[PDB]
Each structure stands twice: as C-alpha cells, then as structure tokens.
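Engineer: My questions all concern the structure below.
There are 2 protein chains.
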Amino acid sequence: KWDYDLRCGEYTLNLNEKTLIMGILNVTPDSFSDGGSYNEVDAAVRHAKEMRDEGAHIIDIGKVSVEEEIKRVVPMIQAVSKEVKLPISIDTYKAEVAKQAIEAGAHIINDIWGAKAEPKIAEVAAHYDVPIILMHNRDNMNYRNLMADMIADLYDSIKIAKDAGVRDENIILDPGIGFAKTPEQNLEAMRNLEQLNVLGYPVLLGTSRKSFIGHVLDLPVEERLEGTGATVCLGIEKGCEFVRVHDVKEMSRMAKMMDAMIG
Amino acid sequence: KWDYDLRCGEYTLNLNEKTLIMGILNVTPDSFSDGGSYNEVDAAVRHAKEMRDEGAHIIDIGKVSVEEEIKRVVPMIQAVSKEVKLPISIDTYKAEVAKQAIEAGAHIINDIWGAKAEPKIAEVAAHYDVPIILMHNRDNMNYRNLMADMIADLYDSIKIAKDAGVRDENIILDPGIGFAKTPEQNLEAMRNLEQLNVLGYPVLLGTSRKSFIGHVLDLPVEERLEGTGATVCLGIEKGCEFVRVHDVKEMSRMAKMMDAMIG
Ligand SMILES: COC(=O)C[C@@H](C)c1n[nH]c2nc(N)[nH]c(=O)c2c1=O
Ligand SMILES: COC(=O)C[C@@H](C)c1n[nH]c2nc(N)[nH]c(=O)c2c1=O
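Here it is, written out as structure tokens:
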C-alpha cells in the first residue's frame, strides 16, 4: 500500500508492516522552575523509556509564552533523544517552538492546528525536511457535512504545507477527534474515518482517553482504557497508520492483534 | 436490521439496541462430589452474580459421562436461574444433557457441534422452542476454501435444525473460532467474518482468551485481555450480535463503545 517509508533522520518508519504506536509523554513541570530541572527531565526520560519498553514507536513531546514553551520542552527533547533510541515528535503549532525542538533533536512535527495557526511552521517543516502531522481543527462546530467539511479543512492544510515546500511523503493527517466536534460528531467521524484515505496520506488517530469516550461509557479519564481500545481497533480497521495513546502497553497489544487479523 | 426479538421464555433479548454479552461461567467442580455440593454451586452462583453486575446479558453454563454431566450441571442451572435474573444457556452437544438443562431452567442451547454430534438435540430444541446456537465444527482442518467451507458446514447445521422443526428465529450461528482451524485459519475467519451474515441469522463470536490470540501476541491465557478485546471489536464491526467472553467487565465496555461508534 505505501511505496515509501517515513524518513525520520536516523530512524525509518515502515507504514506497511504494522500500526505504529505514538506514546504520549507526561510533561508534569516543576514549580519554581522555568524548565530543565532534574526532576522534570528525569521523570520525562523514565516515562519515555517505559513507553519504549512497552512497544511505542514514537515519543510525542509537548496559556504559556513561546519563550517559555521552548525552555520547558527543549531540555526534554535533548535528554529523551540522547537516552531513548526512538523518533521524537514535538507537539506544537508554533513555528519557533517547532524550529527549536528540531534543533534540539525532534524528528517529526505535530501540529494540532494543521499549519493554520502559524503557517510559517510549514516552512520550518519544509526547511528541515521532517514529517509533519496536520490535524483537523477549527474554532467552531458549525458543519454542513462533517466528513466533507473535515476533508475540505484538512485539504486546506495540505495546501499550506505543499505551498511551503513540504514533500507529499512528509505529510501525515489527523482527524482531530475531540476537537471542534460535539460528542455525536466525534462518533460520526470515527464511524466514517475510512474516508480520510482518499486524500492519499498516512493517517494518525488520536482518541486516547478523550471526553467522548467518557461520554459514551460515562466513566472518568482513568477508567477509559477499554473505550480507547475500541476506538484504536476501529481506527486500525479503517486504515490508520498510527495511533497516539497514553496506555502504550495495552494499546500495543490491541494494535498488534488487529494487525494480525486484518492481515 | 432484526425484525424479531430473541424470545427466551421469561426474558427477551433485543438484537438491535446493543451487542449482547454472554459471560462464561466457571464450573470448577468439587472432588469427592458427583455434583450439587455447596462449594461448587455457591462459587458458580457468585460468579454469575458478578458477571450480571459487570454487564453480562446471558450466563453460559457448561471425558465425563452423560449421567454425570447432568448431575454436575443441573444443580448449577437450578441455583443460577433462581438467583440471577438473566437468561441461561447450556453449553452442551448432547441431546439428553440439553433436555435436562432446560427442564432445570436453561433458556438457550449452545451446541459446539452444531447439532451434528447428536442430531436429536435439534429435536429437543424444536420441542422446547428455545434458541439454539449452532457452532461451526469438524474433525479435520482439510479445507479447500475456509470461508466457503465454513458456510457450507454451518448451513448443514441449519438444515438439521430446520428439518427437526427449529424456527428460523431460534437459530444463532457461531464461526467456531479456535476449533478445527490452524492459527492462520482462525485469523482468516476473523478477517472474513462479515460473510456469515448472508446466511441471515444472528452471529455469536467466541474468541475469549483463545490460543490463536496467544499465538499472535505470544502471551499466556491470563495475559490475553487486549487480544480478546481486539477480536471482540473486529467481530462487532463485522456485524456479530453476541460475544462469548470471560472478562465481562472489560468486554462490556469495549462492546458498548463499539456499538456507539458503529451507530
Ligand atoms: C496528551 O494529550 C493531549 O495533550 C491532549 C491534546 C491537547 C492533544 N494534543 N495533541 C494532539 N496531537 C495530535 N496529532 N492528535 C491529537 O488528538 C492531539 C491531542 O488530543
Ligand atoms: C470457557 O470456554 C470454553 O469452555 C472453551 C470451549 C470448550 C468452548 N466451549 N463452548 C463454546 N460455545 C460457543 N457457542 N462458542 C465457543 O467459541 C465455545 C468454546 O470456545
């Protein structure tokens, strides 16, 4: 299906052999600290190592200014990248934060605003030649046709990315579940996820422990592993290449079993 | 989709509103005992109650002779049925065991041999007017076309059932995952499960903690919740009306989330 590999500098990711697991890193910051403290960064590193040991293929790291956001995240990327042999993505929508994070050692950019909040981030991406995840987002829930609108919206991000020099192969899409969508809309997007495929890019799903799962099951954030699991399984069936998750152990197993079944 | 309800005597099951959960009952027998002992039956009852409390819609209860099999199972059905307001299925392929179990208070018959080991069980079913689950089974793995063969095989069971007087509405099918199939064949059957639907009957999936999950994940029986989960999710996507499971709590949540998503 994919005639290319996601090239991530020193690491290469194969889009065909298995669903790729993106682990979500704890960023619990130290009070008293601007960033880089031993407690912050060591807690971070230990979590990255755990996620690595549990089957994570990527480590995702990401109010508050840009000056600060950098002081916070840069020390973490520097440490995790040295100590965890695994590609790193920076979870930011800010061009300068993305620039700093890549200089620090991040391999992938992860923009929850699909390059629309700071189009210059697409230029950063083009320049450094790193994959960029463009997630579906908007400031309203005023759709006329959820999926058609989503696809139009995502496609507007593809345009910004390609206009900036981003190679097709460095583009990944994200339905932006839990964003700018009612609970019912999130379920509808899940139900029709396979439609994103016609756009011709790898798809990352990010549903981990989200509010719509709590809304279906009526369970708090810490009781959402089974709901996340369902969404991950459905997502894999519908052709997604990555899943962004907190529970790396559990979701790796479900993903692996799904992979085996869908052949 | 279903213009009828599964009628189970005092209980009625709706095939449309949600995936129905069949909990698998522990039958840990007492040594020294022929059956009916306080420890056996109380352990059984407590488990049925737990499964009830965890979201189970049916309680499934089932070397060794027929005389004995009855002495073992009958006391359990009598107690569980009195004390757990939930339909009960007897897991047997023996006509007389099925007869005794229904007299005891079982509502559904569950035949892993699809009425081929003891065709008279279909007559028991017709007579008492209870739903019967016909599972796919055979004494060899010598297929020419797994799915086509399976469908032919299941259909041979439908014939035995209908020839005996079994109303269409009292028929449920089961792909018989983990039976007469290599690991690779089990995965293939999972992958193509939706094909069972053309037969026009409700489908029950029974994959809980099975060996093929252990074979994909390389994990022991007690470490198979995530694998079971995957198979349950896939199965629901492919149109199954029931799932037969050990982990009632966890699988109820995954099922419920799947239901919400697939609308
Ligand atoms: C730990 O989870 C979060 O930090 C919650 C939100 C803020 C979040 N951040 N970034 C994301 N990035 C992609 N690509 N897809 C997502 O669904 C997503 C999110 O849901
Ligand atoms: C606790 O699990 C078991 O007792 C293992 C086997 C023996 C088993 N018994 N009956 C079944 N009945 C239906 N309908 N579908 C099944 O997959 C199944 C089975 O897998």
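Taken in order, these protein sequences are the chains called A and A'. A prime marks a further copy of an entry chain. Mapped onto PDB author numbering, the consecutive letters of the first sequence carry residue numbers 2 to 63, 73 to 273. Mapped onto PDB author numbering, the consecutive letters of the second sequence carry residue numbers 2 to 63, 73 to 273. The C-beta atom is built at its ideal place from N, Cα and C for all residues, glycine as well.
Closest Cβ-Cβ distance between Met160/A' and chain A: below 9 Å?
Structural biologist: False, the Cβ-Cβ gap to chain A never drops below 9 Å.
Engineer: Tell me which residues of the stretch 187-207 of chain A have at least one Cβ-Cβ distance to chain A' shorter than 7 Å, keeping chain order.
Structural biologist: Listed by position along the chain: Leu197, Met200 and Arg201.
Engineer: Could you tell me whether the stretch 77-85 of chain A touches the stretch 30-38 of chain A, where touching means 3 or more Cβ pairs closer than 8 Å?
Structural biologist: Contact between the stretch 77-85 of chain A and the stretch 30-38 of chain A is present, because at least three Cβ pairs lie under 8 Å.
Engineer: Is the beta carbon of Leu197/A less than 9 Å from the beta carbon of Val213/A?
Structural biologist: No; because the gap between Cβ atoms is not below 9 Å, this pair is not in contact.
Engineer: Assign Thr29/A' to one of three DSSP states: helix, strand, or coil.
Structural biologist: Correct three-state label for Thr29/A': coil.
Engineer: By Cβ distance below 8 Å, which residues in the same chain neighbour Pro30/A' in space, the five residues on each side in sequence not counted?
Structural biologist: Contacts found: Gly36, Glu41 and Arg82.
Engineer: Can you list, in chain order, the stretches of the alpha helix (DSSP H) that have 4 or more residues and sit fully within the stretch 149-222 of chain A?
Structural biologist: As far as the stretch 149-222 of chain A is concerned, its whole alpha helix (DSSP H) runs of at least 4 residues are 156-173 and 193-201.
Engineer: Under 8 Å, with one C-beta from each stretch per pair, do the stretch 112-123 of chain A' and the stretch 142-149 of chain A' reach the 3-pair mark?
Structural biologist: Contact holds: three or more Cβ-Cβ distances are below 8 Å.
Engineer: Does any heavy atom of ligand 2 sit closer than 8 Å to the C-beta of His117/A?
Structural biologist: Every heavy atom of ligand 2 is 8 Å or more from the Cβ of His117/A, so no.
Engineer: With hydrogens ignored, establish whether the beta-carbon of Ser218/A is closer than 8 Å to any heavy atom of ligand 1.
Structural biologist: Flag set: Cβ of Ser218/A near ligand 1.
Engineer: Buried or exposed for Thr241/A, please, with buried defined as at least 16 other CB atoms from any protein chain shown within 10 angstroms of its CB.
Structural biologist: Looking at its Cβ environment, which holds 16 or more other Cβ atoms inside 10 Å, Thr241/A is buried.
Engineer: Just checking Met145/A against ligand 1 - is the residue's beta carbon closer than 8 Å to any of the ligand's heavy atoms?
Structural biologist: True, at least one ligand heavy atom lies under 8 Å from that Cβ.
Engineer: Near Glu106/A, what residues of its chain come up, given a Cβ to Cβ distance below 6 Å and the 5 sequence neighbours on each side ignored?
Structural biologist: Cβ neighbours of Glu106/A beyond the five flanking positions: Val76.
Engineer: Roughly how many angstroms lie between the CA atoms of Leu156/A and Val140/A', to the nearest whole one?
Structural biologist: Their backbone Cα atoms lie some 45 Å apart in a straight line.
Engineer: Less than 6 Å between C-beta atoms, sequence neighbours within five positions excluded: which residues of the same chain meet that for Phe252/A?
Structural biologist: Taken in chain order, the residues that qualify are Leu21, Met23 and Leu214.
Engineer: Return the first residue and the last residue of the beta strand (DSSP E) that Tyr12/A' is part of.
Structural biologist: Element bounds for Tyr12/A': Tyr12 to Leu14.
Engineer: How far does the alpha helix (DSSP H) with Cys243/A in it reach, from first residue to last?
Structural biologist: It spans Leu235 to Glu247 - the alpha helix (DSSP H) in which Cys243/A sits, taken as one unbroken run.
Engineer: Just list the residues that DSSP pairs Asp61/A with in beta bridges.
Structural biologist: Answer by DSSP bridge pairing, in chain order: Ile25/A and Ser99/A.
Engineer: Check whether the Cβ of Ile187/A sits closer than 8 Å to any heavy atom of ligand 1, and report yes or no.
Structural biologist: Yes.
Engineer: What I want to know is whether the C-beta of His256/A ends up closer than 8 Å to one or more non-hydrogen atoms of ligand 1.
Structural biologist: Checking every heavy atom of ligand 1 against the Cβ of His256/A, one is found closer than 8 Å.
Engineer: Against chain A', does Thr241/A count as a neighbour if the rule is that its beta carbon must be under 9 Å from one of theirs?
Structural biologist: Yes, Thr241/A lies at the interface with chain A' (some Cβ there is under 9 Å from its Cβ).
Engineer: Against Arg263/A, what residues of chain A' qualify as contacts under a CB-to-CB distance less than 7 Å, listed in chain order?
Structural biologist: Neighbours of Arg263/A on chain A', chain order: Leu227, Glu236 and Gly237.
Engineer: Ligand 2 and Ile25/A': does any heavy atom of the ligand fall closer than 8 Å to the residue's C-beta?
Structural biologist: At least one heavy atom of ligand 2 is nearer than 8 Å to the Cβ of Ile25/A', so yes.
Engineer: Looking at ligand 1, does it come within less than 8 Å of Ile98/A, judged from the CB to the closest heavy atom?
Structural biologist: No, Cβ of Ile98/A sits at least 8 Å from all heavy atoms of ligand 1.
Engineer: On the CB-based measure, 16 or more other CB atoms within 10 Å of its CB, does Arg47/A come out buried or exposed?
Structural biologist: So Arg47/A counts as exposed.
Engineer: Alpha carbon to alpha carbon, how far is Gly216/A from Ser167/A? Give it in angstroms, no decimals.
Structural biologist: Distance between the alpha carbons of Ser167/A and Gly216/A is about 18 Å.
Engineer: Taking the straight line between their C-alpha atoms, what separation do you get for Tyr12/A' and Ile59/A'?
Structural biologist: Looking at the two C-alpha atoms, the distance is approximately 10 Å.
Engineer: Taking 8 Å as the cut-off, does the CB of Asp54/A come closer than this to any heavy atom belonging to ligand 3?
Structural biologist: Within the structure as shown, ligand 3 is missing, the only ligands being ligand 1 and ligand 2.
Engineer: Whose CA, out of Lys172/A, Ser99/A and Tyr138/A, lies closest to the CA of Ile119/A?
Structural biologist: Of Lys172/A, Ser99/A and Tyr138/A, the residue nearest in Cα terms is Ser99/A.
Engineer: Quick one: what does DSSP say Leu144/A is sitting in, helix, strand or coil?
Structural biologist: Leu144/A: strand per DSSP, three-state reduction.
Engineer: DSSP state of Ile80/A', grouped into three classes?
Structural biologist: Of the three classes helix, strand and coil, the one that applies to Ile80/A' here is helix, per DSSP.
Engineer: On a CA-only basis, which of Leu16/A', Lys130/A' and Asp4/A' is nearest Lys104/A'? Give me that one, please.
Structural biologist: Checking every option, the nearest Cα to that of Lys104/A' belongs to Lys130/A'.
Engineer: What residues from chain A' crowd round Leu21/A, counting only those whose CB sits closer than 7 Å?
Structural biologist: The contacting residues do not exist; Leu21/A stays about 16 Å from chain A' at best.
Engineer: So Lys266/A' contacts chain A; which residues on that side make the cut at Cβ distance below 9 Å?
Structural biologist: The answer, in chain order, is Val226, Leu227, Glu236, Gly237 and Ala240.
Engineer: Locate the beta strand (DSSP E) running through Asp121/A, then write down its first and last residues.
Structural biologist: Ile118 to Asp121 is the span of the beta strand (DSSP E), which, as asked, contains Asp121/A.
Engineer: Alpha carbon to alpha carbon, what distance is there between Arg234/A and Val208/A'?
Structural biologist: Roughly 35 Å between the two C-alpha positions.
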